[PDB]
Amino acid sequence: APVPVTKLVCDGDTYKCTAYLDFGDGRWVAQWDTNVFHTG
Amino acid sequence: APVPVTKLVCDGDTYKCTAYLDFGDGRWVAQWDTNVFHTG
Amino acid sequence: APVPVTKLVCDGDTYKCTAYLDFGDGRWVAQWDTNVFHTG
Numbered sequence: 001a002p003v004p005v006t007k008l009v010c011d012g013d014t015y016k017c018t019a020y021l022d023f024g025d026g027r028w029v030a031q032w033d034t035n036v037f038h039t040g
Numbered sequence: 001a002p003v004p005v006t007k008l009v010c011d012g013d014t015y016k017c018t019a020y021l022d023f024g025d026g027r028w029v030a031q032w033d034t035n036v037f038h039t040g
Numbered sequence: 001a002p003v004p005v006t007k008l009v010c011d012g013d014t015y016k017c018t019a020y021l022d023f024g025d026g027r028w029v030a031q032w033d034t035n036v037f038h039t040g
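Protein chains in written order, with PDB author numbering: chain A, 1 to 40; chain A', 1 to 40; chain A'', 1 to 40. A prime marks a further copy of an entry chain.
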């Protein structure tokens with residue numbers, strides 16, 4: 001079931017974002033691949 | 001055009017995150033596939 | 001290293017979400033492909 005994200009971080013060294021979930025012990029994450037770049 | 005996200009949720013049963021957008025009737029979403037796991 | 005997201009936007013014309021990062025000059029983004037649709 002959908003749960004809220006408590007903290008969203010991204011990492012320019014791994015090109016991933018990590019969403020910490022409000023669930024369980026607080027250490028469940030959703031993590032996905034991203035592009036990372038310097039925009040205008 | 002880019003619009004703000006009003007609520008971000010993720011679901012460990014579907015392995016997707018859903019971003020509710022500030023747009024229209026409030027029921028437009030961006031939805032993407034993710035990994036979901038228990039981190040350190 | 002992971003840094004906080006300061007602003008999350010999505011765009012129904014490009015089918016991408018963009019996360020502005022707390023890093024550098026504020027113009028670093030993570031950007032990823034998404035589905036965009038009108039949910040129930």
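All C-beta atoms, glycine included, are put in the ideal place defined by N, C-alpha and C.
Exercise. If we ignore side chains and look at the alpha-carbon of each, how far apart do A'':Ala1 and A:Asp11 end up?
Worked result: Taking the third sequence and counting its residues from 1, the one referred to as residue 1 of chain A'' is at position 1. Taking the first sequence and counting its residues from 1, the one referred to as residue 11 of chain A is at position 11. Whole-angstrom Cα-Cα distance: 5 Å.
For this session: Please state if the CB of A'':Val5 and the CB of A:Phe37 are separated by a distance shorter than 8 Å.
Result: Position 37 of the first sequence, counted from the first residue, corresponds to residue 37 of chain A. Position 5 of the third sequence, counted from the first residue, corresponds to residue 5 of chain A''. Not a contact, by the Cβ cut-off of 8 Å.
Exercise. Excluding sequence positions up to five away, which residues of its chain have a Cβ less than 7 Å from the Cβ of A'':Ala19?
Worked result: Indexing the third sequence from 1 puts residue 19 of chain A'' at position 19. Correct list, in chain order: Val5, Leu8, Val29, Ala30.
Exercise. Alpha carbon to alpha carbon, what distance is there between A'':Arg27 and A:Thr39?
Worked result: In the first sequence, counting from the first residue as 1, residue 39 of chain A sits at position 39. In the third sequence, counting from the first residue as 1, residue 27 of chain A'' sits at position 27. Taking the straight line from one Cα to the other gives about 5 Å.
Exercise. Mapping DSSP to helix, strand and coil, what is A:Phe37?
Worked result: Taking the first sequence and counting its residues from 1, one reaches residue 37 of chain A at position 37. In this structure, A:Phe37 counts as strand in the three-state DSSP scheme.
Exercise. Can you name, in chain order, every residue of its own chain whose Cβ lies under 6 Å from the Cβ of A'':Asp22, other than the five neighbours on each side?
Worked result: Taking the third sequence and counting its residues from 1, the one referred to as residue 22 of chain A'' is at position 22. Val3, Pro4, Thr6, listed in sequence order.
Problem set entry | Any C-beta of chain A under 8 Å from that of A':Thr6 | Along the second sequence, read from residue 1 onward, the residue named residue 6 of chain A' stands at position 6. By this cut-off, A':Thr6 is not an interface position.
Exercise. From which residue to which residue does the beta strand (DSSP E) around A:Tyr15 run?
Worked result: Taking the first sequence and counting its residues from 1, one reaches residue 15 of chain A at position 15. Careful: A:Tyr15 lies outside any beta strand (DSSP E) and carries neither H nor E.
Exercise. Along chain A', which residues have their Cβ under 9 Å away from the Cβ of A'':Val36?
Worked result: As a position in the third sequence, residue 36 of chain A'' is number 36, starting the count at 1. Here the neighbours are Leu21, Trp28, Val29, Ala30, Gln31.
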